[PDB]
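Letter by letter, the chains look like this.
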Amino acid sequence: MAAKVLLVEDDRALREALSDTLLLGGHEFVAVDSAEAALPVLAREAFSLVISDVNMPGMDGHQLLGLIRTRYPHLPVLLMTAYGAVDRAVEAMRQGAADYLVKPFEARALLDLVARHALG
Ligand SMILES: [Ca+2]
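Per the deposited record, determination of this structure is attributed to X-ray crystallography, with the resolution reported as 2.28 Å.

### Focus: the sheet that holds strand β1 (residues 4-8)
Here we have five strands laid out as an open sheet, ordered β2-β1-β3-β4-β5, and parallel in their pairing. The sheet is open, and its two edges are formed by β2 (28-32) and β5 (99-102), each paired on a single side. For this sheet, the mean angle separating the axes of adjacent strands, direction not counted, is 20°. Bridge count between strand β3 (residues 49-53) and strand β4 (residues 77-81): four bridges; the pairing is parallel. Across the sheet, residue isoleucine 51 finds its bridge partner in β4, namely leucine 78. The strands that helix α2 (residues 35-44) touches are β1, β2 and β3; relative to β1, the one it contacts most, it runs at about 155°.

Reading the values: rules and limits
- Residues numbered from 1 in each chain as written, not as in the entry; some residues may be left out.
- Heavy atoms only, no water.
- Residues with missing side-chain atoms left out of burial classes, pairs and counts.
- Pairing = 2+ DSSP bridges.
- Helix = DSSP H or I, 4+ residues; strand = E, 2+ residues; numbered from the N terminus.
- Axes fitted to C-alpha atoms, helices over the stretch in contact; angles between N-to-C directions.
- Contact = heavy atoms within 4.5 Å.

In structure tokens, the structure reads:
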């Protein structure tokens, strides 16, 4: 029943709360703080789902998205952001993001997102 979730979030505080929720739902995860840190991990381990922040000190989530859609065509990706914008949400969906999330969102919503979108 478990999913293995890659979590990409530069905010310490939100990263830990999201990890706490994932565990609550019986889910394996790896948490990194940058898209640049996510790429080595994506080549080491298979994941059922990627959840990435959009605004990060480095490569941004839209660039990580297009990069995951290239190398891992099977991998669902959720984008989350504090600064939502309609045009960029449209572009992420057009590129095959599973969802485009404006922060914040309750822990039970994140577990429903994983169930709706993770492989398995
Ligand atoms: Ca950020």
